[PDB]
Amino acid sequence: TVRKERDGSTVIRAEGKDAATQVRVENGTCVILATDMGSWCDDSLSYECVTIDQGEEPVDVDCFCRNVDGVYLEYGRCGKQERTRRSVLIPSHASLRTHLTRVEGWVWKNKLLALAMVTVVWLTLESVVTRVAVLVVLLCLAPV
Amino acid sequence: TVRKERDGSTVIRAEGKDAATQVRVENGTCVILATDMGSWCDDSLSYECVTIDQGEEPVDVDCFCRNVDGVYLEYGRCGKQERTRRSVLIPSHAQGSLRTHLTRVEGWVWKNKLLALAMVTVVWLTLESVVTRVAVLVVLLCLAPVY
Amino acid sequence: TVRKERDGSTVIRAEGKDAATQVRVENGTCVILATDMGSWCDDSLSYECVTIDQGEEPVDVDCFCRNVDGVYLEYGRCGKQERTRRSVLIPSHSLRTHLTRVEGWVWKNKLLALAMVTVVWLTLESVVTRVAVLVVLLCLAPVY
Amino acid sequence: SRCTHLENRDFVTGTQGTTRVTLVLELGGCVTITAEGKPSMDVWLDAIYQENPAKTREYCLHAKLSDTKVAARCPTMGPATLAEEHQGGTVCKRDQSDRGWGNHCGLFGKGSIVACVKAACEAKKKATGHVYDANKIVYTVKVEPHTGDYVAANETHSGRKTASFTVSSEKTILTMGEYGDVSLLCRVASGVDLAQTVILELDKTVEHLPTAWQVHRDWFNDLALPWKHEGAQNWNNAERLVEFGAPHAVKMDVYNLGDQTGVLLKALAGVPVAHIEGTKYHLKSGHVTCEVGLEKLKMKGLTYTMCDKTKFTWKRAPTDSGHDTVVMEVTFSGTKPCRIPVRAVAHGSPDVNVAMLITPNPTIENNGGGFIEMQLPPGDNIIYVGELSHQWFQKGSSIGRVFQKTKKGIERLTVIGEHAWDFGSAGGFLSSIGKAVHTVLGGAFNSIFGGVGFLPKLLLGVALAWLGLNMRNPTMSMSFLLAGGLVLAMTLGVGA
Amino acid sequence: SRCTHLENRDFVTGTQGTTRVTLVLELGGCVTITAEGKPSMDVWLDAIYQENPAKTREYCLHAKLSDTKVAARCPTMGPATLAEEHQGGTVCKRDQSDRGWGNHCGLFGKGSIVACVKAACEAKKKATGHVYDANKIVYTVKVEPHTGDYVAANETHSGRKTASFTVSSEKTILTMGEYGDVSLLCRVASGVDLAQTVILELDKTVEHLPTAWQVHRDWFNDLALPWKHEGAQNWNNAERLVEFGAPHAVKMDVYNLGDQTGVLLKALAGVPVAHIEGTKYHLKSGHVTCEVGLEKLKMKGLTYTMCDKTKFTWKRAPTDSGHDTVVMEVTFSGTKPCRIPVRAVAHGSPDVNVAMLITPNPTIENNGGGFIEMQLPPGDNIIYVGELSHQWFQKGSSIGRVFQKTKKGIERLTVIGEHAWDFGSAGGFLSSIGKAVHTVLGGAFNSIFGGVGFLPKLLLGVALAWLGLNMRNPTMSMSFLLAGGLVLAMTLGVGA
Amino acid sequence: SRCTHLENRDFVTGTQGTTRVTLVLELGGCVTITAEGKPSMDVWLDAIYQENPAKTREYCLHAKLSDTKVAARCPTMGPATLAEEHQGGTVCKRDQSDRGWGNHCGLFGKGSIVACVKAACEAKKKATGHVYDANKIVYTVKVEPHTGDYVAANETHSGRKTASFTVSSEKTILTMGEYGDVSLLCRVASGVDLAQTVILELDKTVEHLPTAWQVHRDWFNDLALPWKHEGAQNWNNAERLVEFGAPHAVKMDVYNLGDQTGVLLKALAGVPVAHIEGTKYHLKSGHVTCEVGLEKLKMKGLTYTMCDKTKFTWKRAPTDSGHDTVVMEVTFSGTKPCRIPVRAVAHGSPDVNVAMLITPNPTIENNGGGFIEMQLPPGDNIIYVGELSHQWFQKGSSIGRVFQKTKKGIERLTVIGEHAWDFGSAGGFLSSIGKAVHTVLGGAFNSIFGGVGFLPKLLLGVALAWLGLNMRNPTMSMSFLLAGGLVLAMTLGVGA
Ligand SMILES: *[C@@H]1O[C@H](CO)[C@@H](O)[C@H](O)[C@H]1NC(C)=O
Ligand SMILES: *[C@@H]1O[C@H](CO)[C@@H](O)[C@H](O)[C@H]1NC(C)=O
Ligand SMILES: *[C@@H]1O[C@H](CO)[C@@H](O)[C@H](O)[C@H]1NC(C)=O
């Protein structure tokens, strides 16, 4: 189809059925070469359809007009199955008993060093309560 | 222009002067839309031109033919000023003292605290002459960077 | 060809010469757009041919019919060179040894071997006892 | 008694001498209050919600591009422009176009092309987020008078009362129907690290799928998508959902990167499903610490004649409760309101009342029944109700009872949190610690007893204190401390 | 004498007192046997075969599809089905389809589609696997009488006899032509790890390519392909050879994955080539131990006139065998049957017969010859045959003879395996160990000797026993142990 | 004397006892040689080249694309193929295509498209890397007879001869025209780490721009571009110069990544410009050490009449050279060949010839000149050329010369590198070290003397050794070592 804007520049809109057809735009003729067109909706797009003098050959353009000026082509990208998809990267979301567990694990793991420390204090000191207090503190401080 | 190959696959070739024109192949008709064409050369590109039934409309293709089959288009890419240029990044080549060695020695001293203190205390305990200790320590520190 | 089954449903079968052709079925029409036809053999494939109400256009179906109900298409995939190939992965297919293992451990742990041999040779008094203790120690050394 | 089917009940007998008592409540717990001359109550903490939370960042998905425009000019004509490059809600790109002789240009150099696209989020696809506010949270507390007419189902109780609590609130009073007034002086504390959690609501409007997530604030604020503050109308960073292709001579396709709800749910699987109801927003961890004023309240049925009609049968059998008590449902045949005669016996001994009684002075009235509950000392015991009687053996040991109540007291003090300590004055520091210690030891203060009564207990504490002042071996000086601990407990009188 | 040209021969001299002897047969070995007054023999272990092995799994390949069917239904119509989801020998899949307004459906949701295919393997493409059976293996043993008229080459021999042994078999006897009867009370054991190996066969029936392999049971049982038991007709797990394409509206093609013979052979590259003949399946590892009765057997050519005609020439020169023996080929000219007078001399001494003799009483008849074998003592020695004399030198040491004979005795005892010890009775335990040890010591019991005779050796054993009881230093007490060992061996008397 | 115009000239006076002498040749340096009775000689090292360096990698730029083909098929037909997917020198890519209703496919799925392109490099745009080889380098040695008819400019000499030394080369002889033969045995050691560098060449064929570069092998091997080895035809990693557009419907434009000569020049700027001439490639670092055989030379003009006509005039004023010598250019008027009668005087002393003379026996011929050079002792000095005389003074001190000669000698022994020491034999060990040490001390061994002559110098060495054997404190025992060193120096006799 064709329409006139109030700034004096005519506009051409065509559905997905007007690929490679000649359309009469005022005095001259216009051609539509794009093939990724579709029905009309709000998700619209538009551009300056360059005009070429006869004898020149369209290069790298998907629309061209002859013996006309100021022609804008607009069409919609809806009505067909969807598109340069690139999904964005978003990462995957993730007390006394805990301390007792850490010391249990350290004791059952580093048996040689615990035995060495226990025996060194046991042999060096004499009173049992004093030995126990020192060893309890040493085991508590084991995580380094 | 048209040509027939020996395996039945007809071929159509065009120079840069044929965009948006009708070309005759066998009985039916062909349409060329591609607009990045030019004169013929070795940088040739050829591809199938899907045939579409009447009442259908082209979707995403740059050529098509009706009432014909097995038509392959081919064209060149010479005769135009030149193409998605993306220069390959390559690293620039690099153009390639006593105070610098003193710096390496002090750094070595700061990092090798254990062995440095061991050698220093051992020489301090074993040698009982200050002048001999100072000279050997200066030489040991000067040589420390080599190991 | 067109055939009638025992449940009141129709079935259509075609060779490799009916690619994109119209076939009259009962009171209406059917169209075959499949591009992998061929002769009829036991390697046949069949499916229902949905019918679209007049005034619509096909969507994702290689066969469709108008003014008919219960149409089944069946054909064969023979007479042409063969198909999504993907091969299935399948994986490919004493005393002296112990003495050698002992000697290898000894050579990789020369310092600890020097420690154990010097301590046993220095501590034990009888020569035969020194030797027997060394033999047992070496045999037990690498395996534990 | 609504708390007869939970897994966390506990008992607090308070003090015979004074009425005020303290409690700790945790989501899903219970606490039953009791006194010597006042009826029992119950307490709950069933919901910790906020209404109308504040909003932080209204994220978006599936940007709806509309009315795109592209323009360009030949080399040596000044870069082009579109009106959409300066308005709000637009993403634009600028680049060069490889113009040549086919196009209308008279040179063979590089030109300029610009494109813009008006960006807005499709409706019903925005992911909003909210942030809590500790000063606004509302904590709910309920109380169920132990009337005793309930078979203990999952249903609501006839007579339940409720009160609301917030950090600002100071005092409250409830009527308990005909039972009387109760005072709940209370303080509250939020769950740990509120400012670290933000809630994400998808507005998907589906009743059979998740619709609210709770996540770390750092991750939510770092998510790469479009976002805006409330009330605004133009999305910031809208370019994260629009991608521009290589420019042709006079066209530049503006692809829509599409919806991303699917990747968001896949990346968010394994996060707790938040609980939401209407305009409220719940939580899953919190304390409520209060003082219950049990002074003005009164007991029911002290005027009934206690019918000796002796017409009773068992509506339910004596069942082993899940919390060291005996449950009992009785059916009457006296056809008038009346008390339920109750006794407890062991070894067939002539004496009675060898059991503590919950649901005090159970009665029969116009409608209802009796859910009488008991706690017998461990061993052989016989329960007597009117003319009927049934045999029963209670599990556990007296030492077990004492250790369990002490362990729960220590655990309760642990739950009181970092607020159990007062630094205002040294006298207050000592008084608070000493009262907290006696709160822990109340259960152990009444383990095993027999004799005259209360006054001799003070004489025992005095004799123990005197003995501790003998200047004997220092390692056995614990006698003075034990005597002091007992003497201080005499001020409460929790056991004679 | 076929075994003269193998790389693994060994000797056993038996015993003078009793003719019973034991042997061990290993693939590729030989055990020549000798006696004081009976002609020698030989033994073989050439094949360990099984006939008609049982079948375990039968893998298929190049599965043939047929009568494929696909059906579907619109959203909210309930899932669709085909009669082939429950029939034997079929494979099926379920997935959703993107039906819309273009399709006959009344809504815009996702429907259901199902496809089914019958899957029967083509014939002549199945890789069958077989498992041995230890209780049915057949072991082959051959014996070659020492006629000696043979060049000792690679060709077959005439007059050889055979026998077969299986676990169930216990007694057997052979005739050896005019030589006489020999018995083989034998015992057999399977090669190591039979259960670990299964034979794979392709049944391709091709002449210029391998048609069998031998592989581990563990890898074979884990192969990802279709399989069946024998006698079944429906293939299990056929879904490994069929890949289904994406789901369209009402079509889902079922692609055949194609033949996979090439992939199986590449993965099976470097595996040893199996050996098959007729219905026989061979093996390449085994142990056989037998007791050889030599009681009824007799010697040949003792009644001949023993001509002194002295007319002979060497057919070949004395060539050192590969196993410490001398090979000699002689041809006669007397035109008559006759014994070959042979003398061995060392140090050029007039005394004769200083060499051990195999091929006892070598002779000539109307036809035949002589391949006489000699085992000379190490050093300078002279071989005399009739009037001809040749000089030959033998390397090695007598100590070496004893060392090698004891080493091979210990090695054979090691190879007998776990069958060398019986704990049923103490007498049996001791007798079996004592006999095995005497078999080991036989070579050393006849090393170097000379004197009065055999009887004085027993007296020397008694003298050694008495010398060990001289009540001397402990460091020289080994004489008692040696005397006891020699005294038990005196019952055999293999050295004088 | 061409080396009078360099900044590094070094002197070597050789030895009177034997004429063998050693040198060090370093690029740009010189080693002027003198003897007691042989005309002086000079040496250079002007160029170090290799002919035809081997090729290591041939880097491509600007690939020439040819015969691109693209083919595709609808869904449910299987991926397509092109014959160029298996030939040599082809790049291909595979992707899916969004086929639909416009395309001939009846199904709305995803199809398959493949594009293949032939990729061979254009001519005149291959960057080739070459690598040296130590065992073939060639070193140029130039020797200039010291005729003295030269004005001492920038110009080449007439009568000069040259020669080449390679690791394999053993000896060489140069005739030197009328002067006589000189033998140059020589040794060669390449510059440090040759294998670290690769010479890159563009083959650009331009006159005013760089055409070669020197860079590390580690940077070269990692440069991201297509590469092959010589003797190959199918480029490797050719895909680095081709970018494939988005798979469109049934086409895939294959863009040419373009020329990259500009990218490589920018990244390679400032790197030292390698020098090339014809097929020769130079270098800028290396050691050459030659042994000069001064055995066969004879001196010039010792028979001329030596005219006392006393007629000469100056051509250049007596000027201070940059290397411890006084240059003199004189022009004659005697019209006949004649020696130049020259005297050196100090302190106005009647004694003459107190200066060392270079340009041995300066003379006149039919045509030529006199470039007489002098090494005067420091202090007041008067130079006489026939009747003419001029006043001149020399800076520095004799002690300074001793220090300088010693420093240059130790510098030379430092420069000889790891080849200054021989370890095969002890005799060689002492010969080599002793010769090197006396080469160092030779400069000082002829500093200042006065008395009897040469023979007492040995006696002085013996007296020093005897004095060093006084058995006094060890701190002053160095007199023995010094005496030993001087005694070895007596074997040379370079100063009386
Ligand atoms: C749960 O409570 C409801 C309240 O209406 C009641 O109908 C139902 O019987 C209760 N469930 C059970 C298991 O009794
Ligand atoms: C090897 O022996 C076989 C029979 O065992 C025979 O057929 C073949 O001819 C022999 N080879 C030679 C070289 O005699
Ligand atoms: C170098 O030599 C040339 C040729 O003899 C001469 O013309 C020129 O003046 C000299 N000097 C320079 C600086 O080129």
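Residues numbered from 1 in each chain as written, not as in the entry; some residues may be left out. Chains lettered and ligands numbered in written order. Heavy atoms only, no water.

Method-wise, the PDB entry is recorded as coming from cryo-EM, at a reported resolution of 3.9 Å.

Peer 1: Can you help me understand the overall build of chain A in this one?
Peer 2: A tally of helices and strands in chain A yields three helices and seven strands. Of the regular secondary structure in chain A, the N- to C-terminal order runs β-β-β-β-β-β-β-α-α-α. Taken against the 2.2 N^0.38 rule, which gives 15 Å for 144 residues, the C-alpha radius of gyration of chain A at 42 Å runs more than 25% over that of a compact globule. Principal-axis analysis of the C-alpha atoms gives chain A an extent of 115 × 30 × 30 Å. In the structure as shown, chain A presents an accessible area of about 9700 Å², 58% of it carried by carbon and sulfur atoms. Here chain A contributes 17 positive and 19 negative side-chain charges, whose respective centroids are spaced 17 Å apart. (Helix = DSSP H or I, 4+ residues; strand = E, 2+ residues; numbered from the N terminus. Rg over C-alpha atoms; globule rule 2.2 N^0.38 Å. Areas by Shrake-Rupley, 256 points an atom, 1.4 Å probe, with all protein chains shown as cover. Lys, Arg positive; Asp, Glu negative; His and termini not counted. Charge placed at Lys NZ, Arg CZ, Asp CG, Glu CD.)

Peer 1: Hey, could you run me through the domain arrangement of chain B in this one?
Peer 2: When its domains are assigned, chain B resolves into domain 1 (2–78) and domain 2 (98–146). A straight line from the C-alpha centre of domain 1 of chain B to that of domain 2 of chain B covers 84 Å. (Domains from an automatic or database assignment.)

Peer 1: I keep staring at the interface of chain B and chain F and nothing clicks. Help me out?
Peer 2: Where the parts come together, the accessible area they lose is often given as the size of the interface. Counting residues at the interface gives 32 residues for chain B, matched by 40 residues for chain F. Note on chain B versus chain F: buried area summed over both sides is about 3300 Å², and carbon and sulfur give 51% of it. On inspection of chain B and its partner chain F, the count reaches four salt bridges. Between B:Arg86 and F:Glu243 there is a salt bridge, with the nearest N and O atoms lying 2.7 Å from each other. (Contact = heavy atoms within 4.5 Å. Buried area = accessible area lost by both parts, 1.4 Å probe. Salt bridge = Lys/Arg side-chain N within 4 Å of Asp/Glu carboxyl O.)

Peer 1: Looking at this structure, I do not really get the sheet that holds strand 9 (residues 128–131) of chain D. What am I missing?
Peer 2: Within a sheet, adjacent strands bond to each other through the backbone by hydrogen bonds, running parallel or antiparallel. Residues and elements named next belong to chain D. As summarised here, the arrangement of the four strands in space is 5-9-14-15, forming an open sheet in which the pairing is antiparallel. Every interior strand has two partners, whereas the edge strands, strand 5 (54–55) and strand 15 (213–216), have only one. The sheet contact formed by strand 9 and strand 14 (residues 197–201) spans three bridges and is antiparallel. Residue pairing across strands places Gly 129 opposite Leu 200, the latter belonging to strand 14. (Pairing = 2+ DSSP bridges.)

Peer 1: I tried to follow helix 6 (residues 478–489) of chain F on my own but got confused; where do I start?
Peer 2: Residues and elements named next belong to chain F. The terminal C-alpha atoms of helix 6 lie 17 Å apart, and with 12 residues this matches the ideal 16 Å at 1.5 Å per residue to within 8%. Regarding helix 6, the residues found buried are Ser 479, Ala 483 and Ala 489. Angularly, the buried residues of helix 6 cover 115 degrees about the axis, an arc narrow enough to put them on a single face. Of the surrounding secondary structure, the elements contacted by the buried residues of helix 6 are helix 4 (426–441) and helix 5 (455–467). (Expected span 1.5 Å × (residues − 1). Buried < 20%, exposed > 50% of the residue type's maximum accessible area, 1.4 Å probe, protein only. Arc of directions from axis to C-beta.)

Peer 1: What is the right way to read the packing of helix 2 (residues 113–126) of chain B against helix 3 (residues 130–143) of chain B from this model?
Peer 2: All names here are of chain B. The contact between helix 2 and helix 3 brings their axes to 10 Å, and the two run at 155 degrees. Judged by the inter-axis angle, helix 2 sits roughly antiparallel to helix 3. Viewed along their axes, helix 2 and helix 3 form a crossing whose handedness is right-handed. Each of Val 120, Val 123 and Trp 124 in helix 2 lies in contact with helix 3, whose residues at this interface are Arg 133, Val 136 and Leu 137. For the contact of helix 2 with helix 3, a count of residues per class yields five nonpolar, no polar and one charged. (Axes fitted to C-alpha atoms, helices over the stretch in contact; angles between N-to-C directions. Parallel < 35°, antiparallel > 145°, perpendicular 65-115°, else oblique. Left-handed = near helix turned anticlockwise from the far one by under 90°. Nonpolar A, V, L, I, M, F, W, Y, C, P; charged D, E, K, R; others polar.)

Peer 1: How should the site of ligand 2 be read in this particular structure?
Peer 2: Residues and elements named next belong to chain E. For ligand 2, the full set of nearby residues is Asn 154, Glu 155 and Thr 156. Here an oxygen atom of ligand 2 sits 2.3 Å away from a polar atom, N or O, in the side chain of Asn 154. A distance of 3.5 Å separates an oxygen atom of ligand 2 from a polar atom in the backbone of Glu 155. Burial of ligand 2 by the protein chains amounts to 31% of its free accessible area of 360 Å². (Near = heavy atom within 4 Å. Polar contact = N/O pair within 3.5 Å; in protein donor to acceptor, adjacent residues only side chain to side chain.)

Peer 1: I'm lost on the pattern of salt bridges in this one. Help?
Peer 2: A pair can form between side chains of opposite charge whenever their charged atoms are brought close. Applying the stated criterion to the full structure yields 67 salt bridges over all chains. Residues C:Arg3 and C:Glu5 are paired through a salt bridge, measuring 2.8 Å at the closest nitrogen-oxygen approach. Given the relative accessible area of 35%, C:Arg3 is considered partly exposed. Judged by relative accessible area, which is 37%, C:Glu5 ranks as partly exposed. Measuring nitrogen to oxygen at the nearest pair gives 2.9 Å for the salt bridge that ties F:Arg94 to F:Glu85. On the accessibility criterion, F:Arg94 (39% relative accessible area) is partly exposed. Using a relative accessible area of 24% as the deciding quantity, one classes F:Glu85 as partly exposed.

Peer 1: Got a minute to help me understand the sheet that holds strand 26 (residues 343–345) of chain D in this structure?
Peer 2: Residues and elements named next belong to chain D. Strand order in this open sheet of three strands is 26-30-31, and the pairing throughout is antiparallel. Edge positions in the open sheet fall to strand 26 and strand 31 (388–394), since each of these has one partner strand only. Strand after strand, the sheet turns through a mean of 25 degrees between neighbouring axes, direction not considered. Pairing geometry for strand 30 (residues 379–385) and strand 31, over seven bridges, is antiparallel. Paired with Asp 380 across the bridge in strand 31 is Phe 393.

Peer 1: How should the state of the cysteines be read in this particular structure?
Peer 2: Each disulfide is one covalent bond, formed between the sulfur atoms of two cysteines. Residue and element names in this part refer to chain E. Applying the stated criterion across every chain yields a total of 24 disulfides over all chains. With a sulfur-sulfur separation of 2.0 Å, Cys 74 is cross-linked through a disulfide to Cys 105. The chirality of the disulfide connecting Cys 74 with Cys 105 is left-handed, given an S-S dihedral of about -80 degrees. With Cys 74 in the loop between strand 6 (63–73) and strand 7 (90–97) and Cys 105 in the loop between strand 7 and strand 8 (111–121), the pair connects residues that are 31 residues apart, well separated along the chain. The exposure class assigned to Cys 74 is buried, which follows from its relative accessible area of 15%. Overall, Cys 105 belongs to the buried group, its relative accessible area being 5%. (Disulfide = S-S within 2.5 Å.)

Peer 1: Looking at this structure, I do not really get unusual backbone geometry. What am I missing?
Peer 2: Negative phi is the rule for most residues except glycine; trans is the rule for most peptide bonds. Its identity as a non-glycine residue notwithstanding, B:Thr84 has a phi of 50 degrees, on the positive side. Checked against the element boundaries, B:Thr84 lands in the loop between strand 7 (71–78) and helix 1 (98–111). According to the relative accessible area criterion, B:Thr84 is partly exposed, its value standing at 31%. The phi dihedral of F:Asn361 falls on the positive side, at around 45 degrees, and the residue is not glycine. By the element assignment, F:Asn361 lies in the loop between strand 26 (356–357) and strand 27 (363–364).

Peer 1: Got a minute to help me understand the pairing of strand 14 (residues 197–201) of chain E in this structure?
Peer 2: The two faces of the sheet receive side chains in turn, since in a regular strand these alternate between them. Residues and elements named next belong to chain E. Among the five residues that make up strand 14, five are buried, leaving the element largely enclosed by the rest of the structure. Burial of strand 14 is two-sided: the residues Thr 197, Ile 199 and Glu 201 facing one way and the residues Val 198 and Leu 200 facing the other way are all buried. One ladder, built from four bridges, connects strand 9 (residues 127–131) with strand 14; its direction is antiparallel. The partner of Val 131 across the bridge, within strand 14, is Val 198. For strand 14 and strand 15 (residues 213–216), the ladder comprises four bridges, and the chain directions are antiparallel. Bridge assignment links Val 198 to a residue of strand 15, and that residue is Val 215.

Peer 1: What's the story with the packing of aromatic side chains in this structure? I'm lost.
Peer 2: The description of an aromatic ring pair uses the distance of the two centres, along with the angle that the planes make with each other. Counting across every chain of the model gives six aromatic pairs over all chains. Here B:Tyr47 and B:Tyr75 contribute two aromatic rings whose centre-to-centre distance is 6.2 Å and whose plane-to-plane angle is 90 degrees, an arrangement assigned as edge-to-face. Separated by 28 residues along the polypeptide, B:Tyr47 in strand 5 (residues 39–48) and B:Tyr75 in strand 7 bring together distant segments of the chain. By relative accessible area, B:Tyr47 is classed as buried at 1%. Taking the relative accessible area as the measure of exposure, B:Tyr75 reaches 0% and is therefore buried. Ring geometry for F:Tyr59 versus F:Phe220: centroids 5.2 Å apart, planes at 20 degrees, classification stacked. Of the two residues, F:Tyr59 sits in strand 6 (residues 54–60) while F:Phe220 sits in helix 1 (residues 217–221), which places them 161 residues apart along the sequence. Accessibility classification places F:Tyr59 together with F:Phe220 in one group, the buried group. Sitting over the face of the ring of A:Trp40, A:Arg13 holds its NZ or CZ atom 3.7 Å from the ring centroid. In this structure, C:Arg13 packs its charged tip against the face of C:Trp40, placed 3.6 Å from the ring centre. (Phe/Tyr/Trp six-rings, centres within 6.5 Å; stacked < 30°, edge-to-face > 60°. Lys NZ or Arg CZ within 6 Å of the ring centre and 35° of its normal.)

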